[PDB]
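Q: Next comes the structure file target24.csv, holding CSV, C-alpha atoms.
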```csv
chain,number,residue,atom,x,y,z
O,2,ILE,CA,-18.9,14.9,18.7
O,3,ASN,CA,-20.0,15.1,22.4
O,4,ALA,CA,-16.8,14.4,24.4
O,5,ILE,CA,-15.4,15.0,27.9
O,6,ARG,CA,-11.9,15.5,29.3
O,7,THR,CA,-10.4,13.8,32.3
O,8,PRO,CA,-9.4,16.5,34.9
O,9,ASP,CA,-5.6,16.9,35.1
O,10,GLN,CA,-5.5,16.1,38.9
O,11,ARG,CA,-6.4,12.5,38.2
O,12,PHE,CA,-2.9,12.0,37.0
O,13,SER,CA,-1.1,13.8,39.9
O,14,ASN,CA,-0.1,10.6,41.8
O,15,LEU,CA,0.9,8.3,38.9
O,16,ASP,CA,3.6,5.7,39.7
O,17,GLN,CA,6.5,5.3,37.3
O,18,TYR,CA,5.0,7.6,34.6
O,19,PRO,CA,7.6,10.5,34.6
O,20,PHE,CA,6.7,11.2,30.9
O,21,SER,CA,5.6,14.7,29.8
O,22,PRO,CA,2.3,15.4,28.0
O,23,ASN,CA,2.0,16.3,24.3
O,24,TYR,CA,-1.2,17.1,22.6
O,25,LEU,CA,-2.6,17.1,19.0
O,26,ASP,CA,-5.5,19.3,17.9
O,27,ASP,CA,-7.7,19.5,14.8
O,28,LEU,CA,-6.9,16.1,13.3
O,29,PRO,CA,-9.0,15.6,10.1
O,30,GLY,CA,-12.2,14.0,11.0
O,31,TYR,CA,-11.8,14.6,14.7
O,32,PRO,CA,-13.2,18.2,15.3
O,33,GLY,CA,-13.0,19.5,18.9
O,34,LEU,CA,-11.0,16.5,20.2
O,35,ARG,CA,-7.6,16.7,21.7
O,36,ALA,CA,-5.3,13.7,21.7
O,37,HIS,CA,-2.5,13.0,24.2
O,38,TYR,CA,0.8,11.3,23.1
O,39,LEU,CA,4.2,10.7,24.6
O,40,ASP,CA,7.2,11.7,22.6
O,41,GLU,CA,10.4,10.5,24.2
O,42,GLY,CA,14.1,9.9,23.3
O,43,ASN,CA,16.1,12.0,20.7
O,44,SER,CA,13.5,14.0,18.8
O,45,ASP,CA,15.8,14.0,15.8
O,46,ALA,CA,16.4,10.2,15.9
O,47,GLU,CA,16.3,8.2,12.7
O,48,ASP,CA,14.1,5.4,14.1
O,49,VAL,CA,10.7,5.9,15.8
O,50,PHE,CA,9.1,3.3,18.0
O,51,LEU,CA,5.3,3.8,17.7
O,52,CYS,CA,3.7,2.0,20.7
O,53,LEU,CA,0.0,1.4,20.5
O,54,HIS,CA,-2.0,0.3,23.5
O,55,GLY,CA,-5.3,-1.6,23.6
O,56,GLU,CA,-8.2,-2.3,25.9
O,57,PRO,CA,-8.7,-1.0,28.6
O,58,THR,CA,-5.3,0.7,28.9
O,59,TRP,CA,-3.3,3.7,27.7
O,60,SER,CA,0.3,4.8,27.1
O,61,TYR,CA,1.0,3.9,30.7
O,62,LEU,CA,1.2,0.3,29.5
O,63,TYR,CA,4.4,1.1,27.8
O,64,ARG,CA,6.1,2.8,30.8
O,65,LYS,CA,8.7,0.0,31.1
O,66,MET,CA,9.5,-0.3,27.4
O,67,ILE,CA,9.8,3.4,26.5
O,68,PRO,CA,13.0,4.0,28.5
O,69,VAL,CA,14.6,1.0,26.8
O,70,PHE,CA,13.7,2.2,23.3
O,71,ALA,CA,14.8,5.8,24.2
O,72,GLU,CA,18.2,4.6,25.5
O,73,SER,CA,18.9,2.8,22.3
O,74,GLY,CA,18.9,6.3,20.6
O,75,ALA,CA,15.4,6.1,19.1
O,76,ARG,CA,12.4,8.4,19.3
O,77,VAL,CA,9.4,6.8,21.0
O,78,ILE,CA,5.8,7.9,20.3
O,79,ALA,CA,3.0,6.5,22.4
O,80,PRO,CA,-0.5,7.9,21.7
O,81,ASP,CA,-3.6,7.4,23.9
O,82,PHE,CA,-6.7,6.5,21.8
O,83,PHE,CA,-9.7,8.8,22.1
O,84,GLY,CA,-11.6,7.4,25.0
O,85,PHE,CA,-8.4,6.5,27.0
O,86,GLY,CA,-5.5,7.9,29.0
O,87,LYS,CA,-5.2,11.6,28.7
O,88,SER,CA,-6.9,11.9,25.3
O,89,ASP,CA,-10.4,13.4,25.1
O,90,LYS,CA,-13.3,10.9,25.6
O,91,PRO,CA,-16.5,10.8,23.4
O,92,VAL,CA,-19.4,10.1,25.7
O,93,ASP,CA,-21.5,8.0,23.3
O,94,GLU,CA,-20.5,4.3,22.6
O,95,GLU,CA,-21.9,4.6,19.1
O,96,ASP,CA,-19.2,7.1,18.2
O,97,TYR,CA,-16.4,4.5,18.8
O,98,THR,CA,-15.8,2.3,15.7
O,99,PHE,CA,-13.0,0.5,14.0
O,100,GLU,CA,-12.7,3.3,11.5
O,101,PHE,CA,-12.9,6.0,14.2
O,102,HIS,CA,-9.8,4.5,15.9
O,103,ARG,CA,-7.9,3.6,12.7
O,104,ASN,CA,-8.3,6.9,10.9
O,105,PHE,CA,-7.1,8.6,14.1
O,106,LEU,CA,-3.9,6.6,13.9
O,107,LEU,CA,-3.4,7.4,10.3
O,108,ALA,CA,-4.0,11.1,10.9
O,109,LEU,CA,-1.5,11.1,13.8
O,110,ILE,CA,1.2,9.4,11.7
O,111,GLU,CA,0.7,11.9,8.9
O,112,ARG,CA,0.5,15.0,11.2
O,113,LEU,CA,3.8,14.0,13.0
O,114,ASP,CA,5.2,12.8,9.6
O,115,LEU,CA,6.5,9.6,11.2
O,116,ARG,CA,9.0,7.6,9.1
O,117,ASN,CA,11.3,4.6,9.8
O,118,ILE,CA,8.6,3.3,12.1
O,119,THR,CA,9.0,0.3,14.4
O,120,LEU,CA,5.4,-0.6,15.1
O,121,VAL,CA,4.9,-2.0,18.6
O,122,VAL,CA,1.5,-3.6,19.3
O,123,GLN,CA,-0.7,-5.6,21.7
O,124,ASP,CA,-4.4,-6.3,21.9
O,125,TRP,CA,-6.4,-3.5,20.1
O,126,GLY,CA,-3.1,-1.7,19.5
O,127,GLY,CA,-2.5,-4.7,17.2
O,128,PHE,CA,-6.0,-5.2,15.8
O,129,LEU,CA,-5.8,-1.5,14.6
O,130,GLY,CA,-2.0,-1.0,14.3
O,131,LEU,CA,-1.6,-4.1,12.0
O,132,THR,CA,-3.9,-2.5,9.5
O,133,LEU,CA,-1.8,0.7,9.2
O,134,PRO,CA,1.3,-0.2,7.1
O,135,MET,CA,-0.7,-1.1,4.0
O,136,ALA,CA,-2.1,2.5,3.9
O,137,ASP,CA,1.5,4.0,3.7
O,138,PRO,CA,4.0,1.2,3.4
O,139,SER,CA,7.1,3.4,3.0
O,140,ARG,CA,6.8,4.7,6.6
O,141,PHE,CA,7.2,1.3,8.3
O,142,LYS,CA,10.4,-0.6,8.8
O,143,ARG,CA,9.9,-3.1,11.7
O,144,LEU,CA,7.2,-4.7,13.8
O,145,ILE,CA,7.3,-5.8,17.5
O,146,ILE,CA,4.1,-7.9,18.0
O,147,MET,CA,2.8,-9.0,21.3
O,148,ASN,CA,-0.5,-10.9,21.8
O,149,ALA,CA,-2.5,-9.5,18.9
O,150,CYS,CA,-4.2,-10.6,15.7
O,151,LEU,CA,-6.5,-9.4,13.0
O,152,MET,CA,-10.3,-8.9,13.3
O,153,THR,CA,-11.2,-10.8,10.2
O,154,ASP,CA,-14.3,-13.0,9.7
O,155,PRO,CA,-14.4,-16.5,11.3
O,156,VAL,CA,-14.3,-18.3,7.9
O,157,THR,CA,-11.1,-16.6,6.8
O,158,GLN,CA,-9.2,-17.1,10.1
O,159,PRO,CA,-11.1,-19.3,12.6
O,160,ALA,CA,-8.2,-18.8,15.1
O,161,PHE,CA,-9.1,-15.1,15.3
O,162,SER,CA,-12.7,-15.8,16.2
O,163,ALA,CA,-12.7,-19.0,18.3
O,164,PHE,CA,-11.2,-17.3,21.4
O,165,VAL,CA,-14.3,-15.2,21.7
O,166,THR,CA,-16.3,-18.2,23.0
O,167,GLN,CA,-13.8,-20.4,24.7
O,168,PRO,CA,-12.4,-20.8,27.4
O,169,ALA,CA,-15.1,-19.3,29.7
O,170,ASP,CA,-12.5,-17.6,31.8
O,171,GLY,CA,-11.0,-16.1,28.6
O,172,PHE,CA,-12.5,-13.4,26.4
O,173,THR,CA,-16.0,-14.3,27.6
O,174,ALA,CA,-15.0,-13.3,31.2
O,175,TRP,CA,-13.0,-10.3,30.0
O,176,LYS,CA,-16.0,-8.9,28.1
O,177,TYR,CA,-18.4,-9.7,30.9
O,178,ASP,CA,-16.0,-7.9,33.3
O,179,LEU,CA,-15.9,-4.8,31.1
O,180,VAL,CA,-19.5,-4.4,29.7
O,181,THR,CA,-21.7,-5.4,32.7
O,182,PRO,CA,-20.7,-3.5,35.8
O,183,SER,CA,-22.5,-0.2,36.4
O,184,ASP,CA,-19.4,0.9,38.4
O,185,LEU,CA,-16.4,-0.3,36.4
O,186,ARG,CA,-13.3,-0.2,38.5
O,187,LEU,CA,-10.3,-0.7,36.1
O,188,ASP,CA,-7.8,-0.8,38.9
O,189,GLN,CA,-9.5,-4.0,40.1
O,190,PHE,CA,-9.9,-5.3,36.5
O,191,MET,CA,-6.2,-4.8,35.8
O,192,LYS,CA,-5.1,-6.4,39.1
O,193,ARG,CA,-7.1,-9.4,37.9
O,194,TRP,CA,-5.9,-9.6,34.3
O,195,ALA,CA,-2.3,-8.4,35.0
O,196,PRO,CA,-1.8,-10.0,38.5
O,197,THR,CA,1.8,-8.8,38.7
O,198,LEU,CA,0.6,-5.2,39.1
O,199,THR,CA,1.0,-3.4,42.5
O,200,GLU,CA,-1.9,-1.3,43.7
O,201,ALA,CA,-0.1,1.9,42.7
O,202,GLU,CA,0.3,0.7,39.1
O,203,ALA,CA,-3.3,-0.7,38.9
O,204,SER,CA,-4.6,2.7,40.1
O,205,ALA,CA,-3.0,4.3,37.0
O,206,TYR,CA,-5.5,2.4,34.9
O,207,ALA,CA,-8.4,3.9,36.8
O,208,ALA,CA,-6.9,7.4,36.7
O,209,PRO,CA,-8.4,8.3,33.3
O,210,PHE,CA,-11.9,7.5,34.5
O,211,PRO,CA,-13.5,9.5,37.3
O,212,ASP,CA,-16.8,7.8,36.7
O,213,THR,CA,-18.8,5.7,34.1
O,214,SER,CA,-19.5,8.7,31.8
O,215,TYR,CA,-15.8,8.6,30.8
O,216,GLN,CA,-15.9,4.9,29.9
O,217,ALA,CA,-17.9,4.7,26.6
O,218,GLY,CA,-14.7,3.9,24.7
O,219,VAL,CA,-13.8,1.2,27.3
O,220,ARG,CA,-17.2,-0.4,27.0
O,221,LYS,CA,-17.2,-0.4,23.2
O,222,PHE,CA,-13.9,-2.2,22.5
O,223,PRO,CA,-15.0,-5.8,23.5
O,224,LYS,CA,-18.3,-5.3,21.8
O,225,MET,CA,-16.4,-4.7,18.6
O,226,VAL,CA,-14.4,-7.9,19.0
O,227,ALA,CA,-17.7,-9.9,19.5
O,228,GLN,CA,-19.5,-8.1,16.6
O,229,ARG,CA,-17.2,-7.0,13.8
O,230,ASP,CA,-18.6,-4.4,11.4
O,231,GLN,CA,-18.0,-4.5,7.6
O,232,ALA,CA,-15.2,-1.9,7.6
O,233,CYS,CA,-13.4,-3.9,10.2
O,234,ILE,CA,-13.8,-7.2,8.3
O,235,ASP,CA,-12.7,-5.7,5.0
O,236,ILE,CA,-9.7,-3.7,6.3
O,237,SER,CA,-8.5,-6.6,8.5
O,238,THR,CA,-8.8,-9.0,5.5
O,239,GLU,CA,-6.8,-6.6,3.3
O,240,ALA,CA,-4.1,-6.5,6.0
O,241,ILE,CA,-3.7,-10.3,5.9
O,242,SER,CA,-2.6,-9.9,2.2
O,243,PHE,CA,-0.2,-7.1,3.2
O,244,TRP,CA,1.6,-9.1,5.9
O,245,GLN,CA,1.8,-12.3,3.8
O,246,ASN,CA,2.7,-10.8,0.4
O,247,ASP,CA,4.0,-7.2,0.8
O,248,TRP,CA,5.8,-6.9,4.2
O,249,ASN,CA,9.6,-7.3,3.9
O,250,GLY,CA,10.6,-5.5,7.2
O,251,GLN,CA,12.0,-7.0,10.3
O,252,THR,CA,9.7,-8.7,12.9
O,253,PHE,CA,10.0,-9.7,16.5
O,254,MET,CA,7.2,-11.6,18.2
O,255,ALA,CA,6.7,-12.1,21.9
O,256,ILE,CA,3.9,-14.4,23.3
O,257,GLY,CA,2.4,-14.3,26.7
O,258,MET,CA,2.0,-18.0,27.0
O,259,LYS,CA,-0.6,-18.0,29.8
O,260,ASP,CA,-2.9,-15.6,28.0
O,261,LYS,CA,-6.5,-17.0,27.9
O,262,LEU,CA,-7.4,-14.6,25.1
O,263,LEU,CA,-4.7,-14.3,22.4
O,264,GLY,CA,-2.1,-17.0,23.4
O,265,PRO,CA,-0.4,-19.6,21.3
O,266,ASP,CA,-3.7,-20.7,19.7
O,267,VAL,CA,-3.9,-17.2,18.1
O,268,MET,CA,-0.2,-16.2,17.9
O,269,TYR,CA,1.1,-19.1,15.9
O,270,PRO,CA,-1.5,-18.7,13.2
O,271,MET,CA,-0.6,-15.0,13.3
O,272,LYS,CA,3.2,-15.8,12.9
O,273,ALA,CA,2.4,-17.8,9.8
O,274,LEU,CA,0.7,-14.8,8.1
O,275,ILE,CA,3.7,-12.4,8.7
O,276,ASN,CA,6.3,-12.8,6.0
O,277,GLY,CA,9.7,-13.3,7.6
O,278,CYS,CA,8.4,-13.5,11.2
O,279,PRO,CA,11.0,-15.4,13.3
O,280,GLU,CA,10.2,-18.0,16.0
O,281,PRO,CA,8.4,-16.2,18.9
O,282,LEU,CA,9.9,-15.3,22.2
O,283,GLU,CA,7.7,-17.4,24.5
O,284,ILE,CA,7.3,-15.8,27.9
O,285,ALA,CA,6.1,-18.8,30.0
O,286,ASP,CA,4.6,-16.8,32.8
O,287,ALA,CA,3.2,-13.8,31.0
O,288,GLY,CA,-0.5,-13.3,30.4
O,289,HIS,CA,-2.5,-11.0,28.1
O,290,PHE,CA,-0.5,-7.9,29.0
O,291,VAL,CA,2.9,-9.0,27.8
O,292,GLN,CA,4.2,-5.5,28.7
O,293,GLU,CA,4.3,-6.3,32.3
O,294,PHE,CA,7.5,-8.3,31.2
O,295,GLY,CA,8.0,-5.2,29.0
O,296,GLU,CA,11.6,-4.4,29.9
O,297,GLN,CA,12.7,-7.9,28.9
O,298,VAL,CA,10.7,-7.8,25.7
O,299,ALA,CA,12.0,-4.4,24.6
O,300,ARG,CA,15.6,-5.4,25.4
O,301,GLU,CA,15.3,-8.7,23.5
O,302,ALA,CA,13.6,-7.0,20.5
O,303,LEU,CA,16.4,-4.5,20.3
O,304,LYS,CA,19.1,-7.2,20.5
O,305,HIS,CA,17.3,-9.2,17.8
O,306,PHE,CA,17.1,-6.2,15.4
O,307,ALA,CA,20.7,-5.3,16.1
O,308,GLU,CA,21.8,-9.0,15.4
O,309,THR,CA,20.1,-9.5,12.0
```
When written as structure tokens, how does the structure in this file appear?

A:
Amino acid sequence: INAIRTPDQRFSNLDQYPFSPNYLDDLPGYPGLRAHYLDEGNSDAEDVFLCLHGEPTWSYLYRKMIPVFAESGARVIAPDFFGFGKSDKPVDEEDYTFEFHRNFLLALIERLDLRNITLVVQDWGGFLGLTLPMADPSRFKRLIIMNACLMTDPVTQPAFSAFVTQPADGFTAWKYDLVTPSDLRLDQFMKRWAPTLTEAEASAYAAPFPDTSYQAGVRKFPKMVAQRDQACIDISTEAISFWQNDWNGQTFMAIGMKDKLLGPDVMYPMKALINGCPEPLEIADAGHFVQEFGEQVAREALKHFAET
């Protein structure tokens, strides 16, 4: 597995990321690759919030949510996918697959022996994260879901495929923005798709990527939304049955109402598939990256769980 590592100095000037690095080595199926994860709050806590990022972000996306979860007395784990953040980065797009990313998550959960998990998901964090509990249901207790769905086939859930082609300024534009430029500047991309970001914050999304050779993982993600392999279809379809029939944990859903990708059109169908999912918190002004209203969401989720 040909991979490269982002030099440490890229992360020297980060804004509002005071969180210390932790690393995992020799995960099964990932020889030679080192993964970065945050591990915050009481290490001996009973509850763990497992926060999974998506495209084209990293654990930085959860910077506003982590302190809220930590202050409630829980442990918080926020891994960077291989190809992202401070994790090692395979150089060939062909190495990135649904299974590559999924099995990594499973290996990390097992290695850290995470239990009493509150799964917190958005975007690819959800497409992958939502398929984890069925593999080891006894480890998972709660779900916080922000703009996410399952990557099933278009016949099974047309809502989880339609967004790919309409509106033009939605996933079509998103994918175009990510896969076409020779010089992909994620600070500019993130300022576009998360317009509340300051330049300091936006710069943190470019930090992992000195140049295009570090971005194979970034390029591959949208191609996997557009073209879903058989493993992805199968696993995502199995997950539907889990959420509908097997899940009996507590759920909190938050929707970025202005999201052109995975807004109400996608999230209401998703709500219906999750047994016991309450009415969603509708954030009227939020877009795809619901986490930029992250403090609010984390605080409201905690209240909801404490209240029921």

Q: May I ask which of the residues O:295, O:227, O:72, O:287 is the closest one to residue 173 in chain O, counting all atoms listed in the file?

A: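 Using all atoms listed in the file, the shortest distance to residue 173 in chain O belongs to O:227.
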
Q: Just the number, please: distance in Å from CA of residue 19 in chain O to CA of residue 108 in chain O, one decimal.

A: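 CA of residue 19 in chain O sits 26.4 Å away from CA of residue 108 in chain O.
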
Q: Which of these residues is nearest to residue 56 in chain O, using only C-alpha atoms: O:282, O:5, O:226, O:232?

A: O:226

Q: I need the residue nearest residue 127 in chain O from this list: O:6, O:69, O:60, O:53. Use only C-alpha atoms for the distance.

A: O:53

Q: Could you tell me which of O:213, O:45, O:265, O:113 comes closest to residue 181 in chain O if we count only C-alpha atoms?

A: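 Of all the options, O:213 lies closest to residue 181 in chain O.
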
Q: Given only C-alpha atoms as the basis, pick out the residue of O:291, O:36, O:146, O:236 nearest to residue 90 in chain O.

A: O:36

Q: For CA of residue 234 in chain O and CA of residue 157 in chain O, quote the distance in Å rounded to one decimal.

A: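 One can read the CA of residue 234 in chain O to CA of residue 157 in chain O distance as 9.9 Å.
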
Q: Please compute the CA of residue 32 in chain O-CA of residue 101 in chain O distance, one decimal, in Å.

A: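 Atom-to-atom, CA of residue 32 in chain O to CA of residue 101 in chain O, that is 12.3 Å.
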
Q: Please provide as a ChimeraX atom specification all residues within 9 Å of residue 274 in chain O, with the sequence filter that same-chain residues fewer than 3 positions apart are discarded (counting all atoms listed in the file).

A: /O:241-242,244-246,269-271,278

Q: My list of candidates is O:264, O:218, O:211, O:138. Which is closest to residue 160 in chain O when distances are computed with all atoms listed in the file?

A: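 The answer is O:264, which sits nearest to residue 160 in chain O.
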
Q: Which polymer residues have any atom within 10 Å of an atom of residue 11 in chain O, counting all atoms listed in the file, with same-chain residues fewer than 5 positions away left out, as a PyMOL selection string?

A: chain O and resi 87+205+207-211

Q: What lies within 12 Å of residue 175 in chain O using all atoms listed in the file, ignoring chain neighbours under 5 positions off, as a ChimeraX atom specification?

A: /O:56-57,164-170,180-182,187,190-191,193-195,219-220,222-224,226-227,260-263,289

Q: Please list as a list in words every residue within 10 Å of residue 303 in chain O, counting only C-alpha atoms and excluding residues in the same chain fewer than 2 positions away.

A: residues 69, 70, 73, 145, 253, 297, 298, 299, 300, 301, 305, 306, 307 and 308 of chain O

Q: Is there a way to get, as a ChimeraX atom specification, all residues within 10 Å of the point (-12.9, 3.6, 14.8) in file coordinates, counting all atoms listed in the file?

A: /O:82-83,96-106,129,222,225,232-233

Q: Limited to C-alpha atoms, could you put the picked residues into a file as a PDB file, in the coordinates of the input?

A:
```pdb
ATOM      1  CA  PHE O  82      -6.700   6.500  21.800  1.00  0.00           C
ATOM      2  CA  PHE O  83      -9.700   8.800  22.100  1.00  0.00           C
ATOM      3  CA  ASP O  96     -19.200   7.100  18.200  1.00  0.00           C
ATOM      4  CA  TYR O  97     -16.400   4.500  18.800  1.00  0.00           C
ATOM      5  CA  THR O  98     -15.800   2.300  15.700  1.00  0.00           C
ATOM      6  CA  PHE O  99     -13.000   0.500  14.000  1.00  0.00           C
ATOM      7  CA  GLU O 100     -12.700   3.300  11.500  1.00  0.00           C
ATOM      8  CA  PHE O 101     -12.900   6.000  14.200  1.00  0.00           C
ATOM      9  CA  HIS O 102      -9.800   4.500  15.900  1.00  0.00           C
ATOM     10  CA  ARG O 103      -7.900   3.600  12.700  1.00  0.00           C
ATOM     11  CA  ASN O 104      -8.300   6.900  10.900  1.00  0.00           C
ATOM     12  CA  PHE O 105      -7.100   8.600  14.100  1.00  0.00           C
ATOM     13  CA  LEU O 106      -3.900   6.600  13.900  1.00  0.00           C
ATOM     14  CA  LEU O 129      -5.800  -1.500  14.600  1.00  0.00           C
ATOM     15  CA  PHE O 222     -13.900  -2.200  22.500  1.00  0.00           C
ATOM     16  CA  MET O 225     -16.400  -4.700  18.600  1.00  0.00           C
ATOM     17  CA  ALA O 232     -15.200  -1.900   7.600  1.00  0.00           C
ATOM     18  CA  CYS O 233     -13.400  -3.900  10.200  1.00  0.00           C
TER      19      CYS O 233
END
```

Q: Give me the residues within 9 Å of residue 254 in chain O as a PyMOL selection string, counting all atoms listed in the file and dropping any in the same chain fewer than 2 places off.

A: chain O and resi 144-148+252+256+268+272+278-283+302

Q: Could you pull range 236-247 of chain O out of the structure I just pasted and write it to a file containing N, CA, C and O atoms, as a PDB file, in the first residue's frame?

A:
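And here's selection_37.pdb as it stands now:
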```pdb
ATOM      1  N   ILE O 236     -23.920  -4.078   1.497  1.00  0.00           N
ATOM      2  CA  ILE O 236     -23.756  -3.697   2.896  1.00  0.00           C
ATOM      3  C   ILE O 236     -24.755  -2.610   3.263  1.00  0.00           C
ATOM      4  O   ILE O 236     -25.382  -2.674   4.322  1.00  0.00           O
ATOM      5  N   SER O 237     -24.911  -1.619   2.387  1.00  0.00           N
ATOM      6  CA  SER O 237     -25.857  -0.531   2.633  1.00  0.00           C
ATOM      7  C   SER O 237     -27.298  -1.046   2.695  1.00  0.00           C
ATOM      8  O   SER O 237     -28.099  -0.568   3.502  1.00  0.00           O
ATOM      9  N   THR O 238     -27.616  -2.028   1.855  1.00  0.00           N
ATOM     10  CA  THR O 238     -28.955  -2.642   1.856  1.00  0.00           C
ATOM     11  C   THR O 238     -29.234  -3.434   3.148  1.00  0.00           C
ATOM     12  O   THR O 238     -30.318  -3.306   3.742  1.00  0.00           O
ATOM     13  N   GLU O 239     -28.245  -4.209   3.592  1.00  0.00           N
ATOM     14  CA  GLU O 239     -28.289  -4.914   4.880  1.00  0.00           C
ATOM     15  C   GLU O 239     -28.529  -3.953   6.046  1.00  0.00           C
ATOM     16  O   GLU O 239     -29.267  -4.267   6.982  1.00  0.00           O
ATOM     17  N   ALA O 240     -27.878  -2.793   5.991  1.00  0.00           N
ATOM     18  CA  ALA O 240     -28.015  -1.769   7.019  1.00  0.00           C
ATOM     19  C   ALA O 240     -29.448  -1.253   7.133  1.00  0.00           C
ATOM     20  O   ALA O 240     -29.937  -1.002   8.249  1.00  0.00           O
ATOM     21  N   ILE O 241     -30.129  -1.093   5.997  1.00  0.00           N
ATOM     22  CA  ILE O 241     -31.539  -0.675   6.038  1.00  0.00           C
ATOM     23  C   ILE O 241     -32.328  -1.601   6.971  1.00  0.00           C
ATOM     24  O   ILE O 241     -33.055  -1.137   7.849  1.00  0.00           O
ATOM     25  N   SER O 242     -32.160  -2.908   6.796  1.00  0.00           N
ATOM     26  CA  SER O 242     -32.878  -3.868   7.623  1.00  0.00           C
ATOM     27  C   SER O 242     -32.513  -3.709   9.101  1.00  0.00           C
ATOM     28  O   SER O 242     -33.375  -3.833   9.962  1.00  0.00           O
ATOM     29  N   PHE O 243     -31.235  -3.425   9.383  1.00  0.00           N
ATOM     30  CA  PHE O 243     -30.807  -3.213  10.760  1.00  0.00           C
ATOM     31  C   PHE O 243     -31.567  -2.051  11.400  1.00  0.00           C
ATOM     32  O   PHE O 243     -32.117  -2.190  12.490  1.00  0.00           O
ATOM     33  N   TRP O 244     -31.561  -0.897  10.734  1.00  0.00           N
ATOM     34  CA  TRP O 244     -32.155   0.313  11.316  1.00  0.00           C
ATOM     35  C   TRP O 244     -33.662   0.212  11.502  1.00  0.00           C
ATOM     36  O   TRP O 244     -34.208   0.733  12.471  1.00  0.00           O
ATOM     37  N   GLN O 245     -34.305  -0.460  10.556  1.00  0.00           N
ATOM     38  CA  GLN O 245     -35.758  -0.674  10.536  1.00  0.00           C
ATOM     39  C   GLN O 245     -36.205  -1.684  11.589  1.00  0.00           C
ATOM     40  O   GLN O 245     -37.220  -1.484  12.259  1.00  0.00           O
ATOM     41  N   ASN O 246     -35.462  -2.784  11.708  1.00  0.00           N
ATOM     42  CA  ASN O 246     -35.932  -3.974  12.427  1.00  0.00           C
ATOM     43  C   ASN O 246     -35.186  -4.325  13.713  1.00  0.00           C
ATOM     44  O   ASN O 246     -35.751  -4.978  14.595  1.00  0.00           O
ATOM     45  N   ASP O 247     -33.920  -3.913  13.810  1.00  0.00           N
ATOM     46  CA  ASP O 247     -33.044  -4.373  14.891  1.00  0.00           C
ATOM     47  C   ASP O 247     -32.639  -3.278  15.881  1.00  0.00           C
ATOM     48  O   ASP O 247     -32.372  -3.562  17.046  1.00  0.00           O
TER      49      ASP O 247
END
```
